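Colleague: Encoded as structure tokens, here's the structure I'll be asking about.
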Amino acid sequence: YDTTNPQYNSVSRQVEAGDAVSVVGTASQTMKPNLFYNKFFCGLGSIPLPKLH
Amino acid sequence: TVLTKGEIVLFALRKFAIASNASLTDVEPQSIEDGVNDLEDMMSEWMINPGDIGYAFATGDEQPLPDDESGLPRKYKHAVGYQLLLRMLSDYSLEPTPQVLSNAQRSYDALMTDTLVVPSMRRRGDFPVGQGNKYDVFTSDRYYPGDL
Amino acid sequence: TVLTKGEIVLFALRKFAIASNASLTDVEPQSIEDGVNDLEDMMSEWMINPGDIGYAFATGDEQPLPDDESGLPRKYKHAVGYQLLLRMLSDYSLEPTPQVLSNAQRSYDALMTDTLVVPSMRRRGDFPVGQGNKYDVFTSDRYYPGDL
Amino acid sequence: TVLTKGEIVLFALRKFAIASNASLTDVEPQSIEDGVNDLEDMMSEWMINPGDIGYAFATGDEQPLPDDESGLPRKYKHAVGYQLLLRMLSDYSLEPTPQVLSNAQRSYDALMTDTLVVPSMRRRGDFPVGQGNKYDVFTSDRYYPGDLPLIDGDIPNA
Amino acid sequence: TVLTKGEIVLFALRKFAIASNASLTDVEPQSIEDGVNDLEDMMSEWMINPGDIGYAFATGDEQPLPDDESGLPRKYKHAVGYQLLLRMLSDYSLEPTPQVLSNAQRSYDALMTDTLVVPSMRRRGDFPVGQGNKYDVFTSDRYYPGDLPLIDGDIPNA
């Protein structure tokens with residue numbers, strides 16, 4: 001939330017002090033989460049290695 | 001056999017006879033504190049050109065004392081003492097002698113001999129690597145890295 | 001330990017034996033404040049030729065006082081003090097000695113060694129980049145950007 | 001903060017101990033007047049060769065007074081005071097010392113470095129512009145202007 | 001034989017006549033103590049430019065003792081004493097003479113000629129050996145050995 005460059009706003013209002021927050025989940029639950037994403041979210045590569053003489 | 005700031009300063013004062021057993025003169029307290037803080041400042045300045053040589057500094061807000069352990073190696077004692085004498089003599093307005101200057105230069109040269117680097121310039125980075133090294137075609141090993 | 005203008009001025013006065021703690025005769029505070037003023041103007045003038053070394057100046061209206069801190073590191077103390085000594089001996093109508101001149105030159109050379117930085121000449125701006133840099137896909141430039 | 005001709009003259013006198021505050025307890029108003037007049041004349045002379053540096057001359061016709069403000073930045077005062085000292089030392093018949101000469105030389109050299117211009121070499125005017133500069137589409141013509149080029153069009157004579 | 005440090009110090013004093021056996025006035029013990037101390041600092045520094053020459057040091061942080069055996073050959077004592085004298089003259093407020101300087105230089109050169117190095121630089125390692133040396137399949141030797149790094153399967157990069 002930039003008041004000098006409004007071009008890059010990505011949220012309705014600024015996170016001011018005293019705002020209400022919460023944590024999603026349970027106290028100490030353990031689970032195996034599902035996932036969802038776009039193609040251009042993460043990227044993976046494998047570096048080839050050099051031969052030792 | 002560890003060195004001390006008091007020992008190094010006393011060596012410098014005896015070397016020009018400002019205070020020594022050969023003469024009947026005895027150390028004045030004011031001369032010793034001046035030697036100690038001048039030595040500390042000279043080492044702080046030396047941290048650049050000759051390079052780090054192992055001096056142990058005084059922890060902040062605490063003044064250095066003649067009984068503190070300097071931590072310097074024994075072999076650097078003559079060089080450090082002669083440099084201290086050269087930057088000390090102006091206090092009593094004495095004039096260095098040619099033999100003193102020659103000894104100081106010899107000690108400085110001997111100290112500097114042990115700190116040479118010769119950085120040994122490396123390759124360029126786009127220099128081709130020959131076919132005699134049998135490079136790996138997929139890897140980016142057809143050319144020299146030539147960086148950090 | 002924090003360096004102060006008063007400490008620098010006292011060091012400069014002591015190094016040529018004009019006034020010191022051990023002396024039985026001492027100089028009026030008028031001389032001390034004249035010395036600190038000379039330091040202030042000299043270091044303000046130093047903003048052009050040698051460069052910036054982190055010195056802190058008086059905040060506009062306020063005059064400089066010896067008790068305040070200059071902010072310089074311990075390394076530059078001898079350089080600053082020796083230059084102030086060379087600029088202040090004429091006030092008492094004296095002549096620096098060759099050893100003092102040599103020491104001041106050595107410390108000033110150390111200061112230049114610390115401050116030195118060398119530039120790099122960028123490409124002209126109409127210099128072709130070459131087909132081997134993949135200017136069709138990998139790089140958007142057919143010619144080097146030039147100075148920024 | 002503020003630079004005063006009186007303090008410049010006092011610095012010039014003190015730096016050679018003609019009238020100091022430690023050795024001697026005397027300052028002479030005749031010396032002060034001579035010093036300020038010499039400073040005024042020297043600045044008037046300097047207005048041409050080294051170039052203007054921001055000094056302010058006395059408006060009207062009344063003589064300058066030491067309490068006035070010079071307007072010089074504090075980074076020039078050492079050079080100004082040294083160059084003044086060398087000029088006025090003949091009156092007390094005191095010859096200068098090599099250390100003073102060296103200090104004045106370094107201060108003047110620093111001022112010279114601060115006041116450099118190093119102008120560049122403009123094009124001749126009949127030198128052709130290359131065919132690759134795309135004239136008839138860009139603002140460029142076949143040839144370089146050789147004079148300051150038109151910036152507006154409302155004022156076209158210059 | 002023994003060639004004690006105190007003997008070397010007394011030699012250094014004698015060749016400048018600070019105090020000898022045929023002298024009514026002699027030096028006090030702490031002068032000899034400082035002489036031996038400076039001797040050992042100089043010899044410890046001598047482990048850089050001239051190199052180790054067989055000096056024996058005090059192990060177990062004991063203060064230097066004048067009557068301990070230095071462990072140097074007798075063919076070094078003049079050089080050591082002359083170099084010690086040049087460092088110690090200032091303490092007695094005296095200056096060296098041309099004959100003493102020449103003798104010290106001659107003895108130092110005599111010591112130097114006994115510790116030559118001649119590093120005799122090697123061949124590259126990619127320099128081919130000729131076909132006339134009759135190299136073999138098993139012992140390699142088709143190219144001259146070089147630095148020959150010892151590469152371990154572990155620690156591949158280094």
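Each chain of the structure tokens is named A, B, ... in the order shown, its residues numbered from 1; ligands are numbered from 1 in display order.
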Once chain B is best-fit onto chain C by all Cα atoms in order, what RMSD in Å is left?
Modeller: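 Result of the CA superposition: 1.5 Å.
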Colleague: Could you give the RMSD, in Å, left over when chain E is least-squares superposed onto chain D across all Cα atoms paired sequentially?
Modeller: 3.6 Å
Colleague: Report the residues of chain B whose backbone DSSP state falls under strand (DSSP E or B), written as an MDAnalysis selection string.
Modeller: chainID B and resid 4 69 128 143
Colleague: Those residues with N, CA and C atoms, as a short mmCIF file (atom, residue, chain, number, x, y, z; two decimals), in the first residue's frame please?
Modeller:
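Output saved as again.cif:
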```
data_model
loop_
_atom_site.label_atom_id
_atom_site.label_comp_id
_atom_site.auth_asym_id
_atom_site.auth_seq_id
_atom_site.Cartn_x
_atom_site.Cartn_y
_atom_site.Cartn_z
N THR B 4 54.95 -7.32 25.66
CA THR B 4 54.11 -6.38 26.38
C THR B 4 54.37 -4.97 25.87
N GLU B 69 48.92 -7.41 27.57
CA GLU B 69 49.61 -8.25 26.61
C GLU B 69 49.34 -7.74 25.20
N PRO B 128 39.27 -19.32 -24.82
CA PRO B 128 38.87 -20.68 -25.16
C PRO B 128 39.71 -21.72 -24.44
N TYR B 143 35.11 -22.75 -21.61
CA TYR B 143 35.83 -21.51 -21.37
C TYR B 143 36.17 -21.41 -19.90
#
```
Colleague: So that each row is one residue of chain C with an atom at most 6 Å from chain D, can you give its shortest atom pair and the distance in Å to one decimal, using only C-alpha atoms, rows by chain and rising number, as JSON lines?
Modeller:
```
{"residue": "C:44", "atom": "CA", "partner": "D:75", "partner_atom": "CA", "distance": 5.6}
{"residue": "C:45", "atom": "CA", "partner": "D:75", "partner_atom": "CA", "distance": 4.2}
{"residue": "C:49", "atom": "CA", "partner": "D:110", "partner_atom": "CA", "distance": 6.0}
{"residue": "C:60", "atom": "CA", "partner": "D:1", "partner_atom": "CA", "distance": 5.8}
{"residue": "C:61", "atom": "CA", "partner": "D:1", "partner_atom": "CA", "distance": 6.0}
{"residue": "C:90", "atom": "CA", "partner": "D:16", "partner_atom": "CA", "distance": 5.9}
{"residue": "C:91", "atom": "CA", "partner": "D:15", "partner_atom": "CA", "distance": 4.7}
```
Colleague: Atoms to include: N, CA and C atoms. Write the selected residues as a short mmCIF file (atom, residue, chain, number, x, y, z; two decimals), in the first residue's frame.
Modeller:
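In the end it all went to again34.cif:
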```cif
data_model
loop_
_atom_site.label_atom_id
_atom_site.label_comp_id
_atom_site.auth_asym_id
_atom_site.auth_seq_id
_atom_site.Cartn_x
_atom_site.Cartn_y
_atom_site.Cartn_z
N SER C 44 37.22 21.51 6.58
CA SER C 44 36.17 21.92 5.65
C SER C 44 36.74 22.14 4.26
N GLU C 45 37.95 22.69 4.17
CA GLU C 45 38.61 22.85 2.88
C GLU C 45 39.00 21.50 2.28
N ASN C 49 39.87 18.40 -2.44
CA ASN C 49 41.03 17.72 -3.01
C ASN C 49 41.14 16.27 -2.51
N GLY C 60 25.60 24.54 11.54
CA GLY C 60 25.18 25.88 11.18
C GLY C 60 25.65 26.98 12.11
N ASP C 61 24.71 27.53 12.89
CA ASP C 61 25.01 28.69 13.72
C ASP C 61 26.06 28.39 14.78
N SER C 90 53.84 27.99 11.83
CA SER C 90 54.07 29.38 11.45
C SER C 90 53.49 30.36 12.46
N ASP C 91 52.43 29.96 13.18
CA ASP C 91 51.84 30.84 14.18
C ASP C 91 52.84 31.15 15.29
#
```
Colleague: Please report the interatomic distance between CA of residue 93 (chain E) and CA of residue 96 (chain B) in Å with one decimal.
Modeller: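 So the two atoms, CA of residue 93 (chain E) and CA of residue 96 (chain B), lie 11.6 Å apart.
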Colleague: Give me the chain C side of the contact with chain B, cut-off 10 Å, one line per residue showing its nearest atom pair and distance in Å at one decimal, counting only C-alpha atoms, sorted by chain and residue number, as a tab-separated table.
Modeller:
```
residue	atom	partner	partner_atom	distance
C:1	CA	B:61	CA	4.9
C:2	CA	B:61	CA	8.2
C:11	CA	B:38	CA	9.8
C:13	CA	B:91	CA	9.9
C:14	CA	B:91	CA	6.8
C:15	CA	B:91	CA	5.2
C:16	CA	B:91	CA	5.7
C:17	CA	B:91	CA	5.5
C:18	CA	B:91	CA	9.2
C:20	CA	B:91	CA	9.3
C:21	CA	B:30	CA	7.6
C:22	CA	B:30	CA	6.4
C:73	CA	B:44	CA	9.2
C:74	CA	B:44	CA	6.3
C:75	CA	B:45	CA	4.4
C:76	CA	B:45	CA	7.0
C:77	CA	B:41	CA	7.8
C:78	CA	B:41	CA	7.8
C:79	CA	B:45	CA	9.2
C:96	CA	B:90	CA	10.0
C:97	CA	B:90	CA	8.6
C:98	CA	B:95	CA	9.1
C:99	CA	B:95	CA	7.7
C:100	CA	B:90	CA	7.0
C:102	CA	B:87	CA	9.9
C:103	CA	B:87	CA	7.0
C:104	CA	B:87	CA	9.8
C:107	CA	B:45	CA	8.2
C:109	CA	B:49	CA	9.5
C:110	CA	B:49	CA	6.6
C:111	CA	B:45	CA	9.2
C:113	CA	B:49	CA	7.8
C:114	CA	B:48	CA	7.4
```
Colleague: Could the residues in this selection be written to a file with N, CA, C and O atoms, as a CSV table (one decimal), in the first residue's frame?
Modeller:
```
chain,number,residue,atom,x,y,z
C,1,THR,N,36.6,4.4,23.1
C,1,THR,CA,37.5,5.5,22.7
C,1,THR,C,36.9,6.2,21.5
C,1,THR,O,36.7,5.6,20.5
C,2,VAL,N,36.7,7.5,21.6
C,2,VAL,CA,36.2,8.3,20.5
C,2,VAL,C,37.1,9.5,20.4
C,2,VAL,O,37.3,10.3,21.3
C,11,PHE,N,47.3,16.6,20.7
C,11,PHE,CA,48.4,15.8,20.1
C,11,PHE,C,49.3,16.6,19.2
C,11,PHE,O,50.5,16.4,19.2
C,13,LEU,N,49.9,19.8,19.3
C,13,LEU,CA,50.8,20.7,20.1
C,13,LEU,C,51.9,19.9,20.8
C,13,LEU,O,53.0,20.4,20.9
C,14,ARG,N,51.6,18.7,21.3
C,14,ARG,CA,52.6,17.9,22.0
C,14,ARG,C,53.7,17.4,21.1
C,14,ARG,O,54.9,17.4,21.5
C,15,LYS,N,53.3,17.0,19.9
C,15,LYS,CA,54.3,16.3,19.0
C,15,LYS,C,55.5,17.1,18.7
C,15,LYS,O,56.5,16.6,18.2
C,16,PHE,N,55.4,18.5,18.8
C,16,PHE,CA,56.6,19.3,18.5
C,16,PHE,C,57.1,20.0,19.8
C,16,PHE,O,57.9,21.0,19.7
C,17,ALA,N,56.6,19.6,21.0
C,17,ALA,CA,57.0,20.0,22.3
C,17,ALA,C,56.7,21.4,22.6
C,17,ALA,O,57.4,22.0,23.4
C,18,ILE,N,55.7,22.0,22.0
C,18,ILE,CA,55.3,23.4,22.3
C,18,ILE,C,54.6,23.4,23.7
C,18,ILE,O,54.9,24.2,24.6
C,20,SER,N,52.8,20.4,26.7
C,20,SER,CA,52.5,19.0,27.0
C,20,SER,C,52.1,18.9,28.5
C,20,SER,O,52.2,19.9,29.2
C,21,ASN,N,51.7,17.7,28.9
C,21,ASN,CA,51.4,17.5,30.3
C,21,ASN,C,52.6,17.6,31.2
C,21,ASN,O,52.5,18.2,32.3
C,22,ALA,N,53.8,17.1,30.8
C,22,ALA,CA,54.9,17.2,31.6
C,22,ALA,C,55.6,18.6,31.7
C,22,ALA,O,56.4,18.8,32.6
C,73,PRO,N,37.9,8.1,12.5
C,73,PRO,CA,38.5,6.9,13.1
C,73,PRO,C,39.8,7.2,13.7
C,73,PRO,O,40.4,8.2,13.5
C,74,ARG,N,40.4,6.2,14.4
C,74,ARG,CA,41.7,6.3,15.0
C,74,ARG,C,42.8,6.3,13.9
C,74,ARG,O,43.9,6.8,14.2
C,75,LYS,N,42.5,5.8,12.7
C,75,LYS,CA,43.5,5.7,11.7
C,75,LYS,C,44.0,7.0,11.2
C,75,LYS,O,45.2,7.2,11.0
C,76,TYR,N,43.1,8.0,11.1
C,76,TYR,CA,43.5,9.3,10.4
C,76,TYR,C,44.0,10.3,11.4
C,76,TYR,O,44.3,11.4,11.1
C,77,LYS,N,44.2,9.9,12.7
C,77,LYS,CA,44.5,10.8,13.7
C,77,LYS,C,45.9,11.4,13.5
C,77,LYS,O,46.1,12.6,13.5
C,78,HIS,N,46.9,10.6,13.2
C,78,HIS,CA,48.2,11.1,12.9
C,78,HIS,C,48.3,12.0,11.7
C,78,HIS,O,49.0,13.0,11.7
C,79,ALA,N,47.6,11.6,10.6
C,79,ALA,CA,47.5,12.4,9.4
C,79,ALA,C,47.0,13.8,9.7
C,79,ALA,O,47.6,14.8,9.4
C,96,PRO,N,59.6,23.3,10.7
C,96,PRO,CA,59.6,21.8,10.9
C,96,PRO,C,60.9,21.2,10.5
C,96,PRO,O,61.6,21.6,9.6
C,97,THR,N,61.1,20.0,11.2
C,97,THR,CA,62.4,19.3,10.9
C,97,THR,C,62.1,18.3,9.8
C,97,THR,O,61.0,17.9,9.5
C,98,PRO,N,63.2,17.8,9.2
C,98,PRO,CA,63.1,16.8,8.1
C,98,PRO,C,62.4,15.5,8.5
C,98,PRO,O,61.7,14.9,7.8
C,99,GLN,N,62.7,15.1,9.8
C,99,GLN,CA,62.0,13.9,10.3
C,99,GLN,C,60.5,14.1,10.4
C,99,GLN,O,59.8,13.2,10.0
C,100,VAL,N,60.1,15.2,10.9
C,100,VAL,CA,58.7,15.6,11.0
C,100,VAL,C,58.1,15.6,9.6
C,100,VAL,O,57.0,15.1,9.4
C,102,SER,N,59.1,14.0,6.9
C,102,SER,CA,59.0,12.6,6.4
C,102,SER,C,57.9,11.8,7.0
C,102,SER,O,57.1,11.1,6.3
C,103,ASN,N,57.7,12.0,8.3
C,103,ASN,CA,56.6,11.3,9.0
C,103,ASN,C,55.2,11.7,8.5
C,103,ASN,O,54.3,10.9,8.3
C,104,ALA,N,55.1,13.1,8.4
C,104,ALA,CA,53.8,13.6,7.8
C,104,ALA,C,53.6,13.1,6.4
C,104,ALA,O,52.4,12.7,6.1
C,107,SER,N,52.4,9.4,6.6
C,107,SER,CA,51.0,9.2,7.1
C,107,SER,C,50.0,9.8,6.0
C,107,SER,O,48.9,9.2,5.9
C,109,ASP,N,50.5,9.7,2.8
C,109,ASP,CA,50.4,8.7,1.8
C,109,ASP,C,49.5,7.5,2.3
C,109,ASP,O,48.8,6.9,1.4
C,110,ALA,N,49.6,7.2,3.5
C,110,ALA,CA,48.6,6.2,4.1
C,110,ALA,C,47.2,6.6,3.9
C,110,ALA,O,46.3,5.8,3.5
C,111,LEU,N,46.9,7.9,4.2
C,111,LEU,CA,45.6,8.4,4.0
C,111,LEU,C,45.1,8.3,2.5
C,111,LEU,O,44.0,8.0,2.2
C,113,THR,N,46.3,6.2,0.4
C,113,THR,CA,46.1,4.7,0.1
C,113,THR,C,44.7,4.3,0.5
C,113,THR,O,44.0,3.5,-0.2
C,114,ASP,N,44.2,4.8,1.7
C,114,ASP,CA,42.9,4.4,2.2
C,114,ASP,C,41.8,5.0,1.2
C,114,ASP,O,40.9,4.3,0.9
```
Colleague: When you get a sec, could you note down which chain E residues fall within 9 Å of chain A, using only C-alpha atoms, as a VMD selection string?
Modeller: chain E and resid 151 153 156 to 157
